[PDB]
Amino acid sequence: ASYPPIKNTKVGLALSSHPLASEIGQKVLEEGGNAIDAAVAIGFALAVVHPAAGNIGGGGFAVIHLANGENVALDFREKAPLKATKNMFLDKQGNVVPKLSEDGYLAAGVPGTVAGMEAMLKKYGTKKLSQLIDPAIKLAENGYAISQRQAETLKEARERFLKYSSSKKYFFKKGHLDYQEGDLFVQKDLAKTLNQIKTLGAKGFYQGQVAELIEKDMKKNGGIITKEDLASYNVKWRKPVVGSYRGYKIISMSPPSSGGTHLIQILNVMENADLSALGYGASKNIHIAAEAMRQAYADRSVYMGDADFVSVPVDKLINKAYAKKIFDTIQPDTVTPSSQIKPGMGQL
């Protein structure tokens, strides 16, 4: 048995992985904001209360359905910096340099989040950035109590943080002591940055003093992001990838995500079976799904990348005839081992 769903019959729902951020989004709806207004408030709130994942130093995607029936996808994914190169993470022998793509300043793409938040607010929002970012600023300035789970994830990242003088300032208490469950976590410099954004918009992140701090710290610590990278960061409004499953329309993220394409591909394969007949958790149903997944991930490894740079056969991958061909290879009693799988089934 499962707990009952959350229910609203008035203004809708705004749901995130942190109750403080969800509450902020929900209050925006209660105060007459639309789904975009709430989404923007949440994006900034999570940057403060969920720093493991929520951010202004990263990027992402927003898939949006508008009241007028339009469906759009916002790409605020990070970009490789201007000085990036194909083999930048390899040594002279052509071998991967341990941790270079994972820990530190060279591992970073040009952040898109702040640009993404502003882009959706400007095009589709109704409230002012100041109203929507103030709750995040309040939490950065005044702090919030570290949860049990946050104490745990902080501990798991501890040795990584200790590699960087910057992170030693922000993720440890006085005397470089570990933050513990129930400690007040205050983020004064983050509040300064958020205030620049409040006052100047996205230019408060991508230009001026904050852009100067980014370039400076990059130069100091072996990174390559510059003021030129930041001033040239662009969101892209893209067409979503669209499919159908049993009379429902699926709207999901297009390149530079692979997610929407393979989601629709796998559903397409599954659509050839009456899954409802045997129900949740039936081995026959799991088998059909798993074999579709197997092919999809093989296809991912060859065909998928940023379509602004490479040719991505999205239309072929989401074609129901291709899915039918995949389905017809699925045997009732056996799998196709991954060693035998060919991307596109060798016929794309």
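Rigid core here is just the name for the largest C-alpha set that superposes within 1.5 Å across the two forms. One-based numbering along the sequence shown.
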- request: Figure out for me whether 177-185 or 244-252 is the more displaced stretch in 4 other deposited structures of this protein, taking RMS C-alpha distance from the shown form once the rigid core is superposed.
  value: 177-185
field: Rigid core superposition result in 4 other deposited structures of this protein, more deviant of 101-109, 166-174 by Cα
entry: 166-174
task: Decide which of the stretches 125-133 and 244-252 has the higher mean C-alpha B-factor, going by the entry.
output: 125-133
query: Per the PDB record, is the mean Cα temperature factor higher over 110-118 or over 91-99?
result: 91-99
Which of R238, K83, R77, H262 ranks first by CA B-factor in the deposited coordinates: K83
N71, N268, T226, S258, ranked by C-alpha B-factor: the highest one: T226
task: Within this chain's modelled residues, let me know which third the CA B factor of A14 belongs to: lowest, middle or highest.
output: middle
- prompt: What third of the chain, by the recorded C-alpha B-factor, contains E30?
  reply: middle
message: Where does the C-alpha B-factor of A21 rank in its chain, lowest, middle or highest third?
response: lowest
